[PDB]
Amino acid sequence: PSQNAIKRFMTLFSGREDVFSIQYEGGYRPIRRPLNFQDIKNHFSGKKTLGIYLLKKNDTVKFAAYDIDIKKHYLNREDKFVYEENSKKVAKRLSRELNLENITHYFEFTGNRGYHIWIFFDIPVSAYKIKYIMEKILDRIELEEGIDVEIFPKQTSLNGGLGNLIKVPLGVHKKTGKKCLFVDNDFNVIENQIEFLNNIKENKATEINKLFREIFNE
């Protein structure tokens, strides 16, 4: 991947400035130094899979994500594929309401058992405003059986910690060995992932701020 592609990835998925994490066999662990270009290349090649601490040190985030998963209890069933489709359904319902609010967002298959819905901002926004917005919008949709949705950021203040992390796309899931790629509104894998990454549109912080004031003051 070009230097430009790496610079664009590091700009969209920009979280804690001086700590990241990588997936090991027993889970994720913090790497206590800034993310560098070689780390991205190790992610893109499948050698080391990255996870990003969304919460920056001033309790702001530059991106956010819904995490839509099939419950692990349902993976053993012969109708497992019904719950894959149900997870697409939940994703489509979130996507429509997000678009009603003019929150531009993007789909990614996670490499395991669900989808991320990625939301990017032009400059970082206060974590509690976007967590509040995402929870309100999520409460508006109907969940399908066997499907769980989590929101990142999982917290809105660090209180001296790191917060929770999210696996970022264009790598491999270390538990399955499967790539995690962007998909289109039909959930088909996109052929040119880098060019899709360049065309990703960031929402405006001033817009997010207004939308929070409107919903909060109801």
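For every residue, the number given is its place in the sequence shown, counted from 1. By rigid core we mean the largest C-alpha set that fits within 1.5 Å across both forms.
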*Could you tell me which of the two stretches, 117-125 or 104-112, has its Cα atoms lying farther from the shown structure in 4 other deposited structures of this protein after fitting on the rigid core?*
104-112
*Return whichever of 21-29 or 7-15 has the larger RMS Cα deviation from the displayed form in 4 other deposited structures of this protein, where every structure is aligned on the rigid core.*
21-29
*Please work out which of 47-55 and 184-192 has the higher mean CA B-factor as recorded in the PDB entry.*
184-192
*Given the B-factors recorded for C-alpha atoms, which segment has the greater mean, 32-40 or 155-163?*
32-40
*From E145, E97, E108, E135, pick the one with the largest CA B-factor in the entry?*
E145
*asked:* Per the entry's values, where does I141 land by CA temperature factor relative to the rest of its chain, in the lowest, middle or highest third?
replied: middle
*Comparing against every modelled residue in the chain, figure out the third that the C-alpha B-factor of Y115 lands in (lowest, middle or highest).*
middle
_Looking at the temperature factor on the CA atom of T104, which third of the chain's modelled residues does it land in?_
lowest
*Divide the modelled residues of the chain into thirds by Cα B-factor and specify which third, lowest, middle or highest, holds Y74.*
highest
*Comparing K80 with the other modelled residues of its chain, is its CA B-factor in the lowest, middle or highest third?*
highest
